[PDB]
Every structure is written in C-alpha cells, then in structure tokens.
Amino acid sequence: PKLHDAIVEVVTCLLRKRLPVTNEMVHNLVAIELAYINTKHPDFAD
Amino acid sequence: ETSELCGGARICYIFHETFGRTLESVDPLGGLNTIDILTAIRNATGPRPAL
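Every chain's residues are listed with numbers counted from 1 in the order the sequence is written; these need not match the entry, and residues without coordinates are not shown. Labels are handed out in written order, letters beginning with A for the chains and numbers beginning with 1 for the ligands. Remark: the chains included constitute part of a larger assembly, and values are reported for the included chains only. Hydrogen atoms and water are omitted, and side-chain values are computed over all heavy atoms in the structure.

cryo-EM is the method the PDB entry lists for this structure, together with a resolution of 4.22 Å.

Okay, here's the thing in structure tokens:
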C-alpha cells in the first residue's frame with residue numbers, strides 16, 4: 001500500500017512538472033499569432 | 001545720386017529678382033526618379049505586407 005500511494009504521488013509530480021511547460025508553449029503560440037499578421041496568407045484575399 | 005541700384009530697392013531686388021527667381025528654379029520634380037520612388041515606397045512598407 002505505501003508503495004502504491006508513493007507511485008501515484010510521483011506520477012502527479014511529473015505531470016505538474018510538465019504542466020507549466022505546456023502552458024508556456026501555448027501562451028507563446030498565441031503570442032506568435034499576435035506577433036505578425038500575414039495579409040499575403042493564401043486563404044486571405046479581398 | 002543716380003547710380004547702381006543700392007541701399008533700399010536693391011534689397012527688394014534681392015528678395016524678388018534674385019531670391020524669388022532662385023526658388024522658382026528649384027525642382028519641383030527634381031530628384032523624382034519614378035523607379036527610385038517605387039523602391040522608396042517598398043522601403044516605406046518595410047518588413048510587412050501591404051494593401
């Protein structure tokens with residue numbers, strides 16, 4: 001049992017370690033869209 | 001004394017016959033190379049795209 005729960009704890013630690021990393025990426029991904037507008041985009045014409 | 005224009009109306013001359021005419025000779029299309037301007041407006045756009 002003690003091991004069992006220790007395993008679980010470690011797993012969620014790892015998940016939390018990788019959480020903010022993805023958050024930073026996603027934040028960046030939005031920032032990238034904000035960074036520049038391509039009016040020459042192939043699907044963008046008027 | 002009647003002589004060469006001086007003192008007063010000579011400056012009037014300077015401000016018209018000299019200066020006014022001088023400015024009239026300047027440009028107004030001087031330096032305007034169509035192709036160089038096309039380059040300039042491409043530079044004016046810069047790194048972005050333009051509509």
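Back to the write-up after that little detour.
1. Looking at the overall build of chain B
Applied cut-off: Counting from the N terminus, the helices are DSSP H or I runs at least four residues long and the strands are E runs at least two residues long. We compute the radius of gyration from the C-alpha atoms alone; for a globule the expected value is 2.2 Å times N to the 0.38, where N is the number of residues. Shrake-Rupley sampling with a 1.4 Å probe provides the accessible areas, and residues are treated as covered by the protein chains on show and by no other component. The charge count includes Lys and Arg as positive and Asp and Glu as negative, but it does not include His or the ends of the chains. Where a charge sits is defined by one atom per residue type, namely NZ (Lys), CZ (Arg), CG (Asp) or CD (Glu).
Scanning chain B from terminus to terminus reveals two helices and zero strands. Taken over the C-alpha trace, chain B has a radius of gyration of 22 Å; the compact-globule value for 51 residues is 10 Å, which it surpasses by more than 25%. For chain B, the C-alpha atoms occupy an extent of roughly 70 × 15 × 15 Å along the three principal directions. Total accessible area on chain B is roughly 4700 Å²; 60% of this is exposed by carbon and sulfur atoms. If the 4 positive side-chain charges of chain B are averaged to one point and the 6 negative ones to another, these points end up 16 Å apart.

2. Here we look at the overall build of chain A
Here is the rule: The classification of residues rests on relative accessible area computed with a 1.4 Å probe and restricted to protein chains. Under 20% of the type maximum is buried, over 50% is exposed, and intermediate values are partly exposed.
Looking only at helices and strands, one finds one helix and zero strands in chain A. Once the C-alpha set of chain A is aligned to its principal axes, its extents read approximately 65 × 15 × 10 Å. Looking at chain A as a whole, 0% of its 46 residues qualify as buried. Carbon together with sulfur atoms contributes 68% to the accessible area of chain A, which is approximately 4600 Å² in total. Each charge class in chain A was averaged separately, 5 positive and 6 negative side chains, and the resulting centres sit 13 Å apart.

3. Here we look at the pattern of salt bridges
Condition: One side-chain nitrogen of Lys or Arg within 4 Å of one carboxyl oxygen of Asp or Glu is enough to make a salt bridge.
Applying the stated rule across the entire model yields three salt bridges over all chains. Here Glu 9 of chain A makes a salt bridge to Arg 16 of chain A, at a shortest N to O gap of 3.8 Å. Measuring nitrogen to oxygen at the nearest pair gives 2.9 Å for the salt bridge that ties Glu 4 of chain B to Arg 10 of chain B.

4. Structural notes on unusual backbone geometry
Residue and element names in this part refer to chain B. Following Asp 27, the chain continues into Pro 28 via a peptide bond in cis, with omega recorded as -20 degrees. Positionally, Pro 28 belongs in the loop between α1 (9–24) and α2 (34–45). Of note in the backbone geometry, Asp 27 takes a positive phi value of approximately 50 degrees without being a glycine. With respect to the helices and strands, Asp 27 occurs in the loop between α1 and α2.

5. Structural notes on the environment of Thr 22 of chain B
All names here are of chain B. Here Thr 22 lies in helix α1. Classification of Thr 22 as partly exposed rests on a relative accessible area of 42%. Linking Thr 22 and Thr 39, residues 17 residues apart in sequence, is a C-alpha distance of 30 Å.

6. Let's talk about α2 of chain B
Our working rule: By this rule the span expected of a helix is its residue count minus one, scaled by 1.5 Å.
Compared with an ideal rise of 1.5 Å per residue, which puts twelve residues at 16 Å, α2 of chain B spans 17 Å between its outermost C-alpha atoms and is within 8% of the ideal. One or two residues past the end of α2 of chain B sits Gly 46 of chain B, with phi positive at roughly 80 degrees.

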